[PDB]
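Take a look at this single chain in structure tokens; it is the form deposited in one PDB entry.
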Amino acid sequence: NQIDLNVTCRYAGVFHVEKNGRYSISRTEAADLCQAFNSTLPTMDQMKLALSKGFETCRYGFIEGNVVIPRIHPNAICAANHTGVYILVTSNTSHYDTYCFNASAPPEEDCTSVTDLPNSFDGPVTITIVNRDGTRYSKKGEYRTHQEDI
């Protein structure tokens, strides 16, 4: 019973979380997952400020109200070569990665590693935070409050 959560640098408190190395998070699960990091789904304004500080990914993820990819450098295989906060318009499917926003993080680029999952609750799952540099933090718990996400 294990879940891997790959996380990034934070930019103005905004970071990306990928579950189990594939697009696998529902919108309800995303809100619960950010809550386990004492975080919330970013607003569009918070994501645009993060982009301006250097944030970009090549993966779709939830924010409040939309599914997006922040892009700085045009790349043909990331958001169809667009720059800015690219918004997903048409998709058949419901599961993506997520973005989270931690208001207590540093104001600009914070590329230190994540070493805690502070607000997870008691549960049976081994949850492992995987940083881009490979460093890991694991703890037994749960963060999903909706049965359909388990």
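Rigid core here is just the name for the largest C-alpha set that superposes within 1.5 Å across the two forms. Start at 1 and count along the sequence shown; that's the residue number.
Comparing the two stretches 92 to 100 and 39 to 47 by root mean square C-alpha distance in 9 other deposited structures of this protein, with all structures fitted on the core, the more displaced one is 92 to 100. Core superposition of the other structures onto this form places the C-alphas of 82 to 90 farther off in 9 other deposited structures of this protein than those of the other stretch among 82 to 90 and 56 to 64. Higher mean CA temperature factor, per the PDB entry, when comparing 35 to 43 with 77 to 85: 77 to 85. Here 135 to 143 and 8 to 16 are compared by their mean Cα B-factor, and 135 to 143 comes out higher. Of all the options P70, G61, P107, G123, the entry's greatest CA B-factor is assigned to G123. Out of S94, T57, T90, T28, it is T28 whose C-alpha atom has the highest B-factor in the PDB entry.
Among the modelled residues of the chain, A103 sits in the middle third by CA temperature factor in this PDB entry. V114: CA B factor lies in the middle third for its chain, per the PDB record.
Although it is not shown, the form solved in complex with a small molecule is what the next lines describe.
Though the small molecule is absent from this view, in the deposited complex it lies within 4.5 Å of a heavy atom of just one residue from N66, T43, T112, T28, which is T112. Within this chain, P107 is remote from the site of the small molecule in the deposited complex, having no heavy atom within 4.5 Å.
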